[PDB]
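Below you'll find only one chain, the form deposited in one PDB entry, shown as structure tokens.
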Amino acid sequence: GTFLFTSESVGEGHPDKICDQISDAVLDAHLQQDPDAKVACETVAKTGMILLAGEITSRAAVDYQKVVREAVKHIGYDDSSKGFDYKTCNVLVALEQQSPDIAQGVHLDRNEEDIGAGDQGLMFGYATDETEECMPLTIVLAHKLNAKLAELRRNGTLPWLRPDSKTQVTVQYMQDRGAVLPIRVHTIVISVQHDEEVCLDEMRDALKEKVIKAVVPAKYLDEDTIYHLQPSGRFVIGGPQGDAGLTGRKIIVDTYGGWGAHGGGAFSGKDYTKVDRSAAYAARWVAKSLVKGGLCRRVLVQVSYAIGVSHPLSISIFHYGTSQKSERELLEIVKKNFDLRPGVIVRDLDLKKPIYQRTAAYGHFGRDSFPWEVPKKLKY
């Protein structure tokens, strides 16, 4: 009845995550001046370079040099000794207006509630009662390990830490009538960029004592837990110098860590008309509402859209055997309580608010009581 499951997370200075945070800093900069900005901002990061590529139609006057550099400063890349510096890096901009063919097919001359989906696609929402925040323990732990590294770097406890990090947690679970119960942590991996002065044994000791023990409850750790701490042996070169980063290359870290399902769409750098983001947020909101509402212990929701069409093409619900109600009954409850048109989701989840940079590291779900994390009281 037991099984293993592994999830990973990355830190704020992982090059792909730098890109997601810059793309969302650009989106927020536009939304601060024009709540109806149409934004599709991709970011690429490599040694010394941030390139913005995409499409933006907006009435805002945005200083891209300032927005980009301020986001890199927040992450912690502020000196050539760290491999990247917000003060002196190259910021290249290849941004054009949104395609008029897309604009006419999606939102031009359309009533806001009846705007079409900004693209076709499929999206999933997932929730599990295994944690209070309704997220898998594997991904919650993996995110908290990266957050702890950033905390210890920023407070000066471990001054040899640099912003680029990755973590991975394998948990042994027990099956329980469709639901899952965490038993113990089987393996933890941590890799983090570091300075040239600190030795490997000092790093491994700190990662176990000051990071793992500060995040993972002792009840999950035992004599058999496997630790792979700094397994490469050396990680001085890091950030964009060590590996090219792109927006939307950490979509499983952004969501459920492999649990549930994913439709493929990236979140960062997109306004609400892009259903890859808004409909995934709404699907998480529906899933969490079904679990917090006591209708299921674990649930998966799929929705799909066609470009230019407001209503979803399909809606499906899988309760893993954890509900007394059938899928048909749960779908009827969802139809009575939710309107999954993008032009209505924007109002329910306040998606013109410039809070997106906050979502772009540590996962979009299970944190900080964002609107999609506040369950809706269901009427049925």
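All residue numbers refer to positions in the sequence shown, first residue = 1.
Just so it is clear, the following notes concern the form deposited with a small molecule bound, a form of the same protein that is not shown.
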Checklist entry - Would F365 count as a contact of the small molecule in the deposited complex, using a 4.5 angstroms cut-off between non-hydrogen atoms? => result yes
Next on the checklist: Please tell me whether any heavy atom belonging to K144 falls inside 4.5 Å of a heavy atom of the small molecule, as the geometry stands in the deposited complex.
Outcome noted: yes
Item to check | Non-hydrogen atom contact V140 with the small molecule in the deposited complex at 4.5 angstroms | outcome: yes
Next on the checklist: Does any part of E133 reach within 4.5 Å of the small molecule in the deposited complex? Heavy atoms only, please.
Outcome noted: yes
Checklist entry - Counting only heavy atoms and a 4.5 Å cutoff, which of 81 to 89, 144 to 152, 201 to 209, 67 to 75 contacts the small molecule in the deposited complex? => result 144 to 152
